[PDB]
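Colleague: mmCIF, C-alpha atoms and all ligand atoms, saved as structure_14.cif, coming up:
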```cif
data_coords
#
loop_
_atom_site.label_atom_id
_atom_site.label_comp_id
_atom_site.auth_asym_id
_atom_site.auth_seq_id
_atom_site.Cartn_x
_atom_site.Cartn_y
_atom_site.Cartn_z
CA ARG A 5 31.83 -15.77 -24.62
CA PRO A 6 34.11 -12.67 -24.88
CA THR A 7 37.84 -12.97 -24.27
CA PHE A 8 39.23 -11.68 -20.98
CA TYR A 9 42.49 -10.05 -19.87
CA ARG A 10 44.08 -9.61 -16.55
CA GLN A 11 45.26 -6.45 -14.90
CA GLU A 12 46.94 -5.37 -11.69
CA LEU A 13 45.16 -2.54 -9.99
CA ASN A 14 46.60 -1.55 -6.67
CA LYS A 15 47.17 -5.05 -5.24
CA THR A 16 43.97 -6.41 -6.84
CA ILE A 17 43.62 -8.69 -9.76
CA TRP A 18 40.98 -7.58 -12.28
CA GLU A 19 39.88 -9.97 -14.98
CA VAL A 20 37.50 -8.29 -17.34
CA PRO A 21 36.35 -8.56 -20.94
CA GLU A 22 38.26 -6.68 -23.59
CA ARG A 23 35.18 -4.56 -24.24
CA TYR A 24 36.39 -2.64 -21.10
CA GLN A 25 39.66 -0.60 -21.25
CA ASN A 26 41.48 2.14 -19.39
CA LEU A 27 40.58 0.78 -16.00
CA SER A 28 41.26 3.34 -13.32
CA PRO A 29 40.51 2.79 -9.61
CA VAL A 30 37.90 5.04 -8.04
CA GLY A 31 36.82 3.05 -5.02
CA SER A 32 37.77 0.51 -2.37
CA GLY A 36 34.00 -4.63 -3.53
CA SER A 37 36.32 -2.22 -5.30
CA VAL A 38 35.23 -0.06 -8.23
CA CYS A 39 37.13 1.09 -11.34
CA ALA A 40 36.18 3.65 -13.99
CA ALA A 41 36.66 2.18 -17.53
CA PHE A 42 35.82 2.95 -21.13
CA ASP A 43 33.28 0.70 -22.93
CA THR A 44 34.37 0.39 -26.56
CA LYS A 45 31.14 -1.29 -27.59
CA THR A 46 29.15 1.87 -26.85
CA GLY A 47 31.94 4.41 -26.50
CA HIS A 48 30.75 5.32 -22.98
CA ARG A 49 32.48 5.57 -19.62
CA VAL A 50 31.46 2.88 -17.08
CA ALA A 51 32.06 1.96 -13.44
CA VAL A 52 32.97 -1.69 -12.81
CA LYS A 53 32.43 -3.18 -9.36
CA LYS A 54 34.33 -6.31 -8.46
CA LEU A 55 32.75 -8.02 -5.47
CA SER A 56 35.27 -8.78 -2.75
CA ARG A 57 35.26 -12.41 -1.52
CA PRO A 58 31.70 -13.03 -2.77
CA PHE A 59 31.39 -16.49 -1.31
CA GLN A 60 33.60 -16.51 1.78
CA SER A 61 30.78 -16.91 4.38
CA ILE A 62 27.01 -17.64 4.21
CA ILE A 63 26.38 -13.98 4.86
CA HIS A 64 28.83 -12.86 2.11
CA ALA A 65 27.21 -15.39 -0.17
CA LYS A 66 23.69 -14.15 0.54
CA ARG A 67 24.81 -10.46 0.26
CA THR A 68 26.35 -11.17 -3.11
CA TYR A 69 23.14 -12.78 -4.32
CA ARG A 70 21.18 -9.92 -2.77
CA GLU A 71 23.10 -7.23 -4.71
CA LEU A 72 22.84 -9.07 -8.03
CA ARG A 73 19.07 -9.61 -7.71
CA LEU A 74 18.50 -5.98 -6.66
CA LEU A 75 20.58 -4.46 -9.42
CA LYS A 76 18.98 -6.76 -12.04
CA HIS A 77 15.63 -5.51 -10.94
CA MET A 78 16.31 -1.72 -10.76
CA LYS A 79 15.09 -0.12 -14.02
CA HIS A 80 14.60 3.53 -13.46
CA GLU A 81 16.30 6.85 -14.51
CA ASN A 82 17.10 7.98 -10.98
CA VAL A 83 18.36 4.63 -9.74
CA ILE A 84 21.54 2.77 -10.56
CA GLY A 85 20.98 0.11 -13.28
CA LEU A 86 23.00 -2.76 -14.68
CA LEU A 87 24.64 -2.50 -18.12
CA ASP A 88 26.40 -5.80 -17.71
CA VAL A 89 27.34 -8.53 -15.28
CA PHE A 90 30.14 -11.04 -15.90
CA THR A 91 32.55 -13.54 -14.40
CA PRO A 92 35.92 -14.92 -15.70
CA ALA A 93 34.47 -18.39 -14.81
CA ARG A 94 33.73 -20.81 -17.56
CA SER A 95 31.65 -23.02 -15.19
CA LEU A 96 29.89 -23.21 -11.81
CA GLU A 97 32.96 -25.06 -10.44
CA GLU A 98 35.28 -22.30 -11.68
CA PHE A 99 32.88 -19.61 -10.27
CA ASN A 100 34.45 -17.23 -7.72
CA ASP A 101 34.27 -13.54 -8.73
CA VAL A 102 31.30 -11.35 -9.79
CA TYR A 103 31.66 -8.10 -11.68
CA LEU A 104 28.80 -5.66 -12.18
CA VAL A 105 28.76 -2.88 -14.73
CA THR A 106 26.92 0.50 -14.76
CA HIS A 107 27.00 3.91 -16.63
CA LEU A 108 29.72 6.05 -15.08
CA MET A 109 28.43 9.14 -13.45
CA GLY A 110 31.37 11.46 -12.90
CA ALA A 111 30.47 13.08 -9.54
CA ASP A 112 28.56 12.58 -6.34
CA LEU A 113 26.39 15.12 -4.66
CA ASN A 114 29.11 15.74 -1.96
CA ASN A 115 31.39 17.04 -4.70
CA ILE A 116 28.67 19.32 -6.13
CA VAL A 117 27.80 20.68 -2.63
CA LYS A 118 31.27 21.73 -1.55
CA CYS A 119 31.96 24.08 -4.52
CA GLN A 120 28.75 25.48 -6.01
CA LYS A 121 26.05 27.20 -3.96
CA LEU A 122 22.93 25.64 -5.36
CA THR A 123 20.03 27.89 -6.29
CA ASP A 124 16.49 27.18 -5.24
CA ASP A 125 15.76 25.69 -8.68
CA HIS A 126 18.77 23.35 -8.29
CA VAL A 127 17.49 22.20 -4.88
CA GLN A 128 14.08 21.51 -6.42
CA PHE A 129 15.46 19.49 -9.27
CA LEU A 130 17.91 17.42 -7.25
CA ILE A 131 15.55 16.63 -4.36
CA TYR A 132 12.75 15.81 -6.89
CA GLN A 133 14.88 13.25 -8.67
CA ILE A 134 15.93 11.70 -5.28
CA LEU A 135 12.21 11.36 -4.44
CA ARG A 136 11.37 9.96 -7.86
CA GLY A 137 14.05 7.20 -7.54
CA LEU A 138 12.94 6.65 -3.95
CA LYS A 139 9.24 6.34 -5.02
CA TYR A 140 10.41 3.48 -7.37
CA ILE A 141 12.72 1.82 -4.80
CA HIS A 142 9.99 1.93 -2.10
CA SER A 143 7.38 0.52 -4.50
CA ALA A 144 9.57 -2.64 -4.69
CA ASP A 145 9.36 -2.85 -0.81
CA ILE A 146 13.10 -1.98 -0.58
CA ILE A 147 14.57 0.44 2.00
CA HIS A 148 17.78 2.19 1.12
CA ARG A 149 18.74 2.79 4.82
CA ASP A 150 21.98 4.66 3.95
CA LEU A 151 20.95 7.55 1.70
CA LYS A 152 23.55 10.33 1.81
CA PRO A 153 25.30 12.64 -0.66
CA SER A 154 28.13 10.22 -1.44
CA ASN A 155 25.47 7.68 -2.55
CA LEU A 156 23.99 10.09 -5.14
CA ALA A 157 25.70 10.25 -8.53
CA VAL A 158 25.16 13.46 -10.52
CA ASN A 159 26.09 14.43 -14.17
CA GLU A 160 26.83 17.79 -15.73
CA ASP A 161 23.12 18.28 -16.46
CA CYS A 162 22.29 17.82 -12.72
CA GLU A 163 20.63 14.39 -13.49
CA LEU A 164 20.85 12.13 -10.45
CA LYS A 165 20.92 8.37 -9.72
CA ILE A 166 20.57 6.82 -6.32
CA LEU A 167 23.07 4.05 -5.58
CA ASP A 168 24.77 2.35 -2.53
CA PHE A 169 28.62 2.08 -2.24
CA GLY A 170 28.14 0.30 1.09
CA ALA A 184 29.85 10.12 8.22
CA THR A 185 26.90 7.86 7.32
CA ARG A 186 25.55 8.73 10.68
CA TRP A 187 24.89 12.35 9.71
CA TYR A 188 21.97 11.39 7.43
CA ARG A 189 20.61 8.43 9.51
CA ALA A 190 17.06 8.31 10.98
CA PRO A 191 17.27 8.43 14.78
CA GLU A 192 15.22 5.17 15.03
CA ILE A 193 18.00 3.35 13.18
CA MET A 194 20.55 4.73 15.63
CA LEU A 195 18.51 3.57 18.54
CA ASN A 196 17.97 0.18 16.82
CA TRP A 197 14.17 0.13 16.83
CA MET A 198 14.31 -2.80 14.38
CA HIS A 199 10.94 -2.21 12.61
CA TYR A 200 11.92 0.72 10.31
CA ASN A 201 9.45 1.91 7.89
CA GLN A 202 10.58 3.21 4.42
CA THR A 203 10.39 6.80 5.85
CA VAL A 204 13.79 6.27 7.35
CA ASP A 205 14.87 7.22 3.81
CA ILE A 206 12.69 10.33 3.93
CA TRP A 207 14.58 11.45 7.11
CA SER A 208 17.76 11.20 5.07
CA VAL A 209 16.30 13.19 2.19
CA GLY A 210 15.36 16.00 4.70
CA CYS A 211 19.02 16.08 5.98
CA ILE A 212 20.26 16.17 2.37
CA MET A 213 17.78 18.93 1.38
CA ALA A 214 18.68 21.10 4.44
CA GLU A 215 22.33 20.87 3.41
CA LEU A 216 21.69 21.71 -0.28
CA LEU A 217 19.74 24.71 1.00
CA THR A 218 22.24 26.08 3.58
CA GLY A 219 25.48 24.56 2.16
CA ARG A 220 26.00 23.18 5.74
CA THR A 221 25.69 19.69 7.26
CA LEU A 222 22.45 19.75 9.21
CA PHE A 223 23.48 17.37 11.97
CA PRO A 224 27.32 16.98 11.98
CA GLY A 225 27.44 14.58 14.94
CA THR A 226 30.81 13.81 16.40
CA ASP A 227 29.71 10.31 17.26
CA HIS A 228 26.62 8.31 17.97
CA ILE A 229 25.23 10.14 20.95
CA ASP A 230 26.20 13.65 19.70
CA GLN A 231 24.23 12.76 16.51
CA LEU A 232 21.09 12.21 18.63
CA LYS A 233 21.73 15.31 20.73
CA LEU A 234 21.97 17.48 17.61
CA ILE A 235 18.66 15.96 16.20
CA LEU A 236 16.70 16.57 19.43
CA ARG A 237 17.85 20.19 19.53
CA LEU A 238 16.17 20.92 16.17
CA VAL A 239 13.08 18.73 16.35
CA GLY A 240 12.58 18.72 20.13
CA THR A 241 12.01 15.98 22.65
CA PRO A 242 9.43 13.30 21.70
CA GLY A 243 5.86 14.59 22.19
CA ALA A 244 3.08 12.76 24.09
CA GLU A 245 1.73 10.97 20.96
CA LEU A 246 5.18 9.59 20.17
CA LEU A 247 6.07 8.53 23.75
CA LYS A 248 2.76 6.67 23.83
CA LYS A 249 3.91 4.27 20.96
CA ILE A 250 7.11 3.14 22.61
CA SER A 251 6.61 -0.44 23.97
CA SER A 252 10.09 -0.83 25.42
CA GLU A 253 9.81 0.33 29.01
CA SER A 254 13.53 1.15 29.06
CA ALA A 255 13.79 3.28 25.90
CA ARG A 256 10.92 5.40 27.28
CA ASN A 257 12.03 6.14 30.83
CA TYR A 258 15.27 7.64 29.75
CA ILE A 259 13.91 10.12 27.21
CA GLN A 260 11.79 12.37 29.55
CA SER A 261 15.02 12.83 31.54
CA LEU A 262 16.74 14.03 28.32
CA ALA A 263 16.82 17.79 28.87
CA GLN A 264 13.42 18.30 27.26
CA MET A 265 13.49 20.56 24.19
CA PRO A 266 11.16 22.81 22.24
CA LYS A 267 10.77 21.76 18.63
CA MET A 268 12.43 24.68 16.79
CA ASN A 269 10.54 26.77 14.26
CA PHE A 270 12.13 25.64 10.90
CA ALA A 271 11.21 28.96 9.19
CA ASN A 272 13.55 30.54 11.72
CA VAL A 273 16.30 27.96 11.17
CA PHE A 274 16.40 28.00 7.35
CA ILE A 275 16.15 31.80 7.20
CA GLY A 276 16.08 32.84 3.53
CA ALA A 277 14.73 29.59 2.07
CA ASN A 278 11.71 29.20 -0.15
CA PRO A 279 8.81 28.79 2.34
CA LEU A 280 7.59 25.79 0.31
CA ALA A 281 11.06 24.15 0.93
CA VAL A 282 10.72 24.92 4.63
CA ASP A 283 7.25 23.34 4.71
CA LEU A 284 8.56 20.16 2.93
CA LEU A 285 11.43 19.95 5.46
CA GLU A 286 8.95 20.19 8.35
CA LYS A 287 7.14 17.24 6.86
CA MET A 288 10.26 15.13 6.32
CA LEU A 289 12.19 15.82 9.58
CA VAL A 290 9.57 14.56 11.97
CA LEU A 291 10.69 12.36 14.80
CA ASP A 292 7.70 10.09 14.54
CA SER A 293 8.25 8.00 11.40
CA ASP A 294 4.47 7.33 11.06
CA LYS A 295 4.08 11.11 10.52
CA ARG A 296 6.77 11.69 7.91
CA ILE A 297 5.71 12.41 4.34
CA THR A 298 6.13 9.45 1.92
CA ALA A 299 8.13 9.76 -1.32
CA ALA A 300 4.96 9.60 -3.46
CA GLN A 301 3.27 12.28 -1.26
CA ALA A 302 6.40 14.54 -1.42
CA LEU A 303 6.37 14.40 -5.19
CA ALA A 304 2.88 15.99 -5.16
CA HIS A 305 4.12 18.75 -2.76
CA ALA A 306 3.89 22.24 -4.25
CA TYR A 307 7.67 22.86 -3.91
CA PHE A 308 8.06 20.61 -6.97
CA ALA A 309 5.28 22.15 -9.15
CA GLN A 310 7.81 22.85 -11.90
CA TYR A 311 9.03 19.24 -12.10
CA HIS A 312 6.25 16.92 -10.95
CA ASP A 313 4.66 14.80 -13.71
CA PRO A 314 2.26 12.22 -12.25
CA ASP A 315 2.43 10.15 -15.49
CA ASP A 316 6.17 10.03 -15.34
CA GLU A 317 6.97 8.81 -11.83
CA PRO A 318 6.99 5.05 -12.52
CA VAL A 319 6.91 2.23 -9.94
CA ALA A 320 8.75 -1.06 -9.99
CA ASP A 321 7.64 -4.47 -11.09
CA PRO A 322 7.02 -6.85 -8.27
CA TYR A 323 10.22 -7.87 -6.67
CA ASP A 324 10.35 -11.40 -5.18
CA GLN A 325 12.44 -11.02 -2.11
CA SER A 326 11.44 -14.25 -0.39
CA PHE A 327 15.17 -15.26 -0.50
CA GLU A 328 15.59 -12.82 2.40
CA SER A 329 13.97 -15.19 4.96
CA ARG A 330 15.99 -18.22 3.66
CA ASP A 331 19.02 -19.84 5.40
CA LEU A 332 20.86 -21.74 2.70
CA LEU A 333 24.29 -23.34 2.16
CA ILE A 334 27.21 -21.34 0.61
CA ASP A 335 27.08 -23.50 -2.50
CA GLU A 336 23.35 -22.94 -2.77
CA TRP A 337 23.64 -19.12 -2.68
CA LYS A 338 26.55 -19.48 -5.08
CA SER A 339 24.66 -21.58 -7.53
CA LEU A 340 21.71 -19.16 -7.38
CA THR A 341 24.11 -16.20 -8.02
CA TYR A 342 25.44 -18.19 -10.93
CA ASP A 343 21.95 -18.68 -12.47
CA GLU A 344 21.30 -14.89 -12.29
CA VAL A 345 24.61 -14.14 -14.03
CA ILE A 346 23.67 -16.49 -16.89
CA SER A 347 20.10 -15.27 -17.17
CA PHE A 348 21.18 -11.59 -17.46
CA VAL A 349 19.83 -9.66 -20.48
CA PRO A 350 21.50 -6.29 -21.05
CA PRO A 351 19.39 -3.20 -21.67
CA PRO A 352 18.86 -2.23 -25.38
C1 LIG B 1 19.02 0.34 -2.75
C2 LIG B 1 19.69 0.52 -4.09
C3 LIG B 1 19.90 2.01 -4.17
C4 LIG B 1 18.88 0.20 -5.33
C5 LIG B 1 20.94 -0.34 -4.06
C6 LIG B 1 21.36 -1.39 -3.25
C7 LIG B 1 22.63 -1.92 -3.53
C8 LIG B 1 23.25 -3.11 -2.79
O1 LIG B 1 22.69 -4.13 -2.83
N1 LIG B 1 24.37 -3.21 -2.04
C9 LIG B 1 24.60 -4.48 -1.24
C10 LIG B 1 24.90 -4.26 0.27
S1 LIG B 1 26.28 -3.28 0.28
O2 LIG B 1 27.52 -3.45 -0.88
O3 LIG B 1 26.70 -2.52 1.75
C11 LIG B 1 25.66 -1.85 -0.49
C12 LIG B 1 25.41 -2.17 -1.98
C13 LIG B 1 23.27 -1.29 -4.62
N2 LIG B 1 24.51 -1.58 -5.10
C14 LIG B 1 25.29 -0.70 -5.75
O4 LIG B 1 24.83 0.53 -5.88
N3 LIG B 1 26.45 -1.03 -6.26
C15 LIG B 1 27.41 -0.21 -6.81
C16 LIG B 1 27.90 0.85 -6.05
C17 LIG B 1 28.87 1.72 -6.60
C18 LIG B 1 29.37 1.48 -7.88
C19 LIG B 1 28.86 0.41 -8.70
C20 LIG B 1 29.37 0.23 -9.99
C21 LIG B 1 28.95 -0.82 -10.82
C22 LIG B 1 27.97 -1.67 -10.27
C23 LIG B 1 27.47 -1.49 -8.97
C24 LIG B 1 27.92 -0.44 -8.15
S2 LIG B 1 22.22 0.02 -5.13
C1 LIG B 2 16.44 9.69 20.79
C2 LIG B 2 15.27 10.14 19.92
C3 LIG B 2 14.03 9.22 19.90
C4 LIG B 2 13.77 8.65 18.49
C5 LIG B 2 12.30 8.44 18.22
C6 LIG B 2 12.08 7.83 16.84
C7 LIG B 2 10.74 7.11 16.77
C8 LIG B 2 10.55 6.52 15.35
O1 LIG B 2 9.19 6.47 14.86
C9 LIG B 2 8.62 5.19 15.10
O2 LIG B 2 9.13 4.28 14.13
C10 LIG B 2 8.62 2.93 14.12
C11 LIG B 2 9.13 2.32 12.82
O3 LIG B 2 10.46 1.86 13.05
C12 LIG B 2 7.10 2.91 14.15
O4 LIG B 2 6.58 1.61 14.42
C13 LIG B 2 6.61 3.83 15.23
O5 LIG B 2 5.20 3.73 15.27
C14 LIG B 2 7.13 5.24 14.94
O6 LIG B 2 6.63 6.17 15.90
#
```
Turn this file's structure into structure tokens for me.
Ligand SMILES: CC(C)(C)c1cc(C(=O)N2CCS(=O)(=O)CC2)c(NC(=O)Nc2cccc3ccccc23)s1
Ligand SMILES: CCCCCCCCO[C@@H]1O[C@H](CO)[C@@H](O)[C@H](O)[C@H]1O
Modeller:
Amino acid sequence: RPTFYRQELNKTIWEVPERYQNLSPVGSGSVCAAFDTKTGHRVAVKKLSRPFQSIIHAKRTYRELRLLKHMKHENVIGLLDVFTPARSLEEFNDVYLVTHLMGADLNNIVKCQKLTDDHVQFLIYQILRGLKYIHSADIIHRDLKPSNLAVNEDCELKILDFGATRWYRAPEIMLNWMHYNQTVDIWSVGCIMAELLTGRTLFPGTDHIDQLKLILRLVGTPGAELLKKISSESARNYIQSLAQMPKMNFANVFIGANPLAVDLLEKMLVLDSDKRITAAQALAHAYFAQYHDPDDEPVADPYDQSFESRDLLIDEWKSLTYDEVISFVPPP
């Protein structure tokens, strides 16, 4: 067991191993940058807030640990370390998770460099490659957006989740359809790609309904084939009253863009989620001919997420979170 040390960081206690110095807040879980003396690298440390306060907090805490322990891919956040000050299960009340510090998010990059077409290819390709891996574990991100995409000085990207969001959300999420296929994430990627291409937010909705109004103006009112799949009588009736709207020609909208990028966008920003390109399909799209390697887009090991259907006691979730902390093996 390492030896710990306590720190005050803006009204929060932080109790971390001595391995980790120069803690400097970044995020509020809350997150600090720190320097890892055992590798010499900069890290981000997340302290979970109140991990075990309710059954739902308890289950969420276990959820994040299991997910992060499973994610082993270049374009997805991975765990360098996980620790607790606790010497025993009875002591156990905080969880800390450790990852390689990436020093910027894609929001930062977007607001002060106009990306070239090659940049857009490389960045969207890596998002799709991480997303191929995430989706192959039967996980849905559900909140993909620039601020959830960490980028380094070589333009290498990792997908993560800090926990407006609405600007990149699939319109089925905002109408609470409740099924959601993985292509909700592909909607998000199309909003991100549009913005890397134009430098402008594609759908800067003011609020919830404005969001949906902006979406329908680009992609048009649901077509016959879509309206036909809507089982809720009420959802339906409303929509044919909703102005009606031509789907816009995207080639017109993204004027000077690579026509392969335009084509990819048309295949991601489809209203009907059954008709949106998948991440593995998008990787094979000709826009990414310079980056695609079919032997280097790996998928995840099976991920047991049967815990998701379970309704357990606080102490049960807590004990399970404790087992995962103990069983953790750091990467090489
Ligand atoms: C889907 C995907 C992309 C693999 C992730 C899910 C969660 C997750 O379970 N929750 C649970 C639900 S929730 O908190 O709303 C969203 C997050 C991650 N957590 C995560 O990225 N944590 C971290 C974020 C930022 C800095 C970190 C630094 C060190 C370690 C982890 C960090 S990443
Ligand atoms: C206000 C704009 C209307 C939004 C229409 C979005 C329809 C989403 O797409 C739907 O997603 C479901 C998965 O959740 C699938 O079961 C449906 O078959 C698919 O058509």
Colleague: If I wrap all listed atoms of ligand LIG 1 (chain B) in a box with edges along x, y and z and add 3 Å on each side, what are its centre and edge lengths in Å to one decimal, as AutoDock Vina command-line options?
Modeller:
```
--center_x 24.1 --center_y -1.2 --center_z -4.5 --size_x 16.5 --size_y 12.5 --size_z 18.6
```
Colleague: I want to know what sits within 12 Å of residue 147 of chain A, based on only C-alpha atoms, with residues of the same chain fewer than 5 positions away left out; could you give that as a ChimeraX atom specification?
Modeller: /A:74,137-142,167-168,199-206,208,299
Colleague: Show me which residues sit within 7 Å of ligand LIG 1 (chain B) when counting only C-alpha atoms and all ligand atoms, and put them as a PyMOL selection string.
Modeller: chain A and resi 38+51-53+67+70-71+74-75+78+83-84+86+104-106+141+146-148+166-170
Colleague: Once you have the residues from the selection above, write them out as a short mmCIF file (atom, residue, chain, number, x, y, z; two decimals), keeping the file's coordinate frame, restricted to C-alpha atoms.
Modeller:
```cif
data_model
loop_
_atom_site.label_atom_id
_atom_site.label_comp_id
_atom_site.auth_asym_id
_atom_site.auth_seq_id
_atom_site.Cartn_x
_atom_site.Cartn_y
_atom_site.Cartn_z
CA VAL A 38 35.23 -0.06 -8.23
CA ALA A 51 32.06 1.96 -13.44
CA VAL A 52 32.97 -1.69 -12.81
CA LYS A 53 32.43 -3.18 -9.36
CA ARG A 67 24.81 -10.46 0.26
CA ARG A 70 21.18 -9.92 -2.77
CA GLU A 71 23.10 -7.23 -4.71
CA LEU A 74 18.50 -5.98 -6.66
CA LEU A 75 20.58 -4.46 -9.42
CA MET A 78 16.31 -1.72 -10.76
CA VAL A 83 18.36 4.63 -9.74
CA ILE A 84 21.54 2.77 -10.56
CA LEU A 86 23.00 -2.76 -14.68
CA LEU A 104 28.80 -5.66 -12.18
CA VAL A 105 28.76 -2.88 -14.73
CA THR A 106 26.92 0.50 -14.76
CA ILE A 141 12.72 1.82 -4.80
CA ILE A 146 13.10 -1.98 -0.58
CA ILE A 147 14.57 0.44 2.00
CA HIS A 148 17.78 2.19 1.12
CA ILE A 166 20.57 6.82 -6.32
CA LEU A 167 23.07 4.05 -5.58
CA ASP A 168 24.77 2.35 -2.53
CA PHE A 169 28.62 2.08 -2.24
CA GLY A 170 28.14 0.30 1.09
#
```
Colleague: Show me which residues line ligand LIG 2 (chain B), defined as having an atom within 6 Å of a ligand atom where all atoms listed in the file count, and present them as a list in words.
Modeller: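 Checked against 6 Å with all atoms listed in the file; the hits are residues 191, 192, 197, 199, 200, 201, 232, 246, 249, 291, 292, 293 and 294 of chain A.
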Colleague: Would you pick out the contacts of residue 10 of chain A at 10 Å or less, using all atoms listed in the file, so that residues sharing its chain but fewer than 3 positions from it are not included, and give the list as number ranges by chain?
Modeller: A: 13, 17-22, 92
Colleague: Suppose you want the space between atom CA of residue 114 of chain A and atom CA of residue 133 of chain A; what is it in Å?
Modeller: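 Going from atom CA of residue 114 of chain A over to atom CA of residue 133 of chain A, I get 15.9 Å.
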Colleague: Could you name the residues that touch residue 342 of chain A at 7 Å or less, counting only C-alpha atoms, but leaving out those on the same chain fewer than 4 positions away, as a list in words?
Modeller: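 Residues meeting the cut-off are residues 96, 338 and 346 of chain A.
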Colleague: Find, counting only C-alpha atoms, the residue in A:136, A:287, A:48, A:5 that gets nearest to residue 319 of chain A.
Modeller: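 Nearest to residue 319 of chain A: A:136.
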Colleague: Interatomic distance between atom CA of residue 26 of chain A and atom CA of residue 41 of chain A?
Modeller: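 Atom-to-atom, atom CA of residue 26 of chain A to atom CA of residue 41 of chain A, that is 5.2 Å.
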Colleague: Point out the residue among A:305, A:312, A:228, A:149 with the least atom-to-atom distance to residue 288 of chain A, counting all atoms listed in the file.
Modeller: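 Smallest distance to residue 288 of chain A is found for A:305.
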Colleague: Calculate how many Å separate atom CA of residue 43 of chain A from atom CA of residue 350 of chain A, rounding to one decimal.
Modeller: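 That distance, rounded to one decimal, is 13.8 Å.
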Colleague: Compute the distance from (12.7, -11.2, -3.9) to each atom, counting all atoms listed in the file, keep the residues with any atom at most 12 Å away, and return them as a list in words; use the coordinates of the file.
Modeller: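 Answer for this query, in the requested form: residues 69, 70, 71, 72, 73, 74, 75, 76, 77, 144, 145, 146, 321, 322, 323, 324, 325, 326, 327, 328, 329 and 330 of chain A.
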Colleague: Between A:345, A:320, A:236, A:262, which has the minimum distance to residue 68 of chain A (counting all atoms listed in the file)?
Modeller: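 Checking each candidate against residue 68 of chain A, we get A:345 as the closest.
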Colleague: With distances taken over all atoms listed in the file, which residue among A:186, A:280, A:254, A:58 lies nearest residue 229 of chain A?
Modeller: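 Going through A:186, A:280, A:254, A:58 one by one, the smallest distance to residue 229 of chain A is for A:186.
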